[PDB]
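Novice: Here it is, the structure in full.
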Amino acid sequence: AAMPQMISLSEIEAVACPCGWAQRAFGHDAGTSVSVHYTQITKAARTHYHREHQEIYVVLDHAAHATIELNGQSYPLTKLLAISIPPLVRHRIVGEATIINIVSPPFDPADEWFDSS
Amino acid sequence: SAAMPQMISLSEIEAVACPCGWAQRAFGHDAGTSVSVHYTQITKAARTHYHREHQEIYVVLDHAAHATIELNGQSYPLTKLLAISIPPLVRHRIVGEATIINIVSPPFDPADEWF
Ligand SMILES: [Cu+2]
Ligand SMILES: [Cu+2]
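Residue numbers (the deposited numbering), protein chains in the order written: chain B, 11 to 127; chain A, 10 to 124.
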């Protein structure tokens, strides 16, 4: 319970998600207070939001002109940009990118919501 | 209010000297998040330390050859994108040069550092 854990994000089996591929660590079973994903943005995705989870993206690399959209506002991605996304904030990434997604509390896939067209 | 998104370039934050090197700390206590994110450059030897009220997760972005992390007296090698969860009271430090992202929970408190 109070034991350190060690995981290689790059070696974790990658799973498909709407925006690309996710390598997820420290889920709810792990006892940690947050999940840590190493996520490859390869494809465009619906704008979405979370009702119970706040996310913090940390950009590790990105394609030129890649942006992030927060409540309909667009901002360019740069290296080591950190973005805090509280619950209810509509968000998505546009263009290719690699990020560390820090989720609290631990990530729960059930908590994904969309606005209709 | 912590209802609003926030945005900060870790590489542009004023670097603060800490025992192990230099830290660029974002989303501190006041930011209204549940965690702090530090972009920390480990450049020097540091005494083995521990935290009494804080979980830490290191994510190694880069490291010099043969660099290690020590946890409760055990040495393991560092590798790129190695993630280490360090619960409260786990004695630990990094030996050798490295660049990490340090995720702290609850938000960072500089008072909480022990020996
Ligand atoms: Cu999200
Ligand atoms: Cu520490």
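We put the CB at the ideal spot given by N, CA and C, even for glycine.
Determine whether the beta carbon atoms of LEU80(A) and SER20(B) lie at a separation below 7 Å.
Specialist: No, they are not a contact pair.
Novice: What do you reckon, is the C-beta of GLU62(B) under 6 Å from a heavy atom of ligand 2?
Specialist: No, ligand 2 has no heavy atom inside 6 Å of this Cβ.
Novice: If we cut at 7 Å on Cβ distances, does residue 132(A) have a partner in chain B?
Specialist: The requested residue 132(A) does not occur in the structure, where chain A is confined to residues 10 to 124.
Novice: For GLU79(A), verify whether its CB is less than 6 Å away from any heavy atom of ligand 2.
Specialist: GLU79(A): no, Cβ never under 6 Å from ligand 2.
Novice: For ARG56(B), write down the residues that DSSP places opposite it in a beta bridge.
Specialist: For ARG56(B), which the question treats as bridged, DSSP gives no partner whatsoever.
Novice: In the segment 55–121 of chain A, which residue ranges form an unbroken beta strand (DSSP E) of at least 3 residues, counting only runs that do not cross its ends?
Specialist: Runs found: 64–72, 77–80, 83–86, 91–95, 101–104, 107–114.
Novice: Counting only C-beta atoms, is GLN15(B) closer than 7 Å to chain A at any point?
Specialist: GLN15(B) counts as touching chain A.
Novice: When you check each C-beta in the segment 53–67 of chain B against every C-beta of chain A, which residues fall closer than 8 Å?
Specialist: Against chain A - using a Cβ distance shorter than 8 Å - the residues of the segment 53–67 of chain B are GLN64, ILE66.
Novice: Do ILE95(A) and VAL46(A) count as a contact pair if the criterion is CB distance below 7 Å?
Specialist: Not a contact, by the Cβ cut-off of 7 Å.
Novice: Suppose you measure from the CA of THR77(A) to the CA of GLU62(B); what does that come to, to the nearest Å?
Specialist: Distance between the alpha carbons of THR77(A) and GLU62(B): 36 Å.
Novice: Thinking just about the alpha-carbon of each residue, which of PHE124(A), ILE110(A), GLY105(A), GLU122(A) is nearest to the one in residue 129(A)?
Specialist: Limits of chain A in this structure are 10 at one end and 124 at the other, which puts residue 129(A) out of reach.
Novice: Could one say the Cβ of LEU91(A) lies closer than 7 Å to chain B's Cβ atoms, at least one of them?
Specialist: Yes, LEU91(A) lies at the interface with chain B (some Cβ there is under 7 Å from its Cβ).
Novice: Can you tell me which of the three DSSP states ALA32(A) falls into?
Specialist: In the structure shown, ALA32(A) sits in a strand (DSSP, three-state: E or B).
Novice: Taking the C-alpha atoms as reference points, what is the distance between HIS75(A) and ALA54(A)?
Specialist: Whole-angstrom Cα-Cα distance: 14 Å.
Novice: With a Cβ-Cβ cutoff of 7 Å, do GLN50(B) and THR108(B) count as a contact?
Specialist: Contact flag set, yes.
Novice: Check the Cβ of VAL99(B) against every Cβ in chain A and list those closer than 7 Å, keeping chain order.
Specialist: The answer, in chain order, is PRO14.
Novice: Ordered along the chain, which non-local residues of its own chain (more than five positions away) have a Cβ less than 6 Å from that of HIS58(B)?
Specialist: Excluding residues within five positions, the ones whose Cβ falls inside 6 Å are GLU122, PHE124.
Novice: Quick one: list the residues of chain A neighbouring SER43(B), beta-carbon separation under 7 Å, in chain order.
Specialist: What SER43(B) touches in chain A: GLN64, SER114.
Novice: From what residue to what residue does the beta strand (DSSP E) around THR49(B) run?
Specialist: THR49(B) -> beta strand (DSSP E) spans 45–51.
Novice: Between the beta-carbon of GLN33(A) and the beta-carbon of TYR48(A), is there less than 7 Å?
Specialist: Closer than 7 Å, so yes.
Novice: If we cut at 7 Å on Cβ distances, does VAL46(B) have a partner in chain A?
Specialist: Chain A, which has a Cβ nearer than 7 Å to the Cβ of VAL46(B), makes this yes.
Novice: Looking at chain B, is there any beta carbon in it that lies within less than 7 Å of the beta carbon of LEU87(A)?
Specialist: No, its Cβ sits nowhere closer than 7 Å to a Cβ of chain B.
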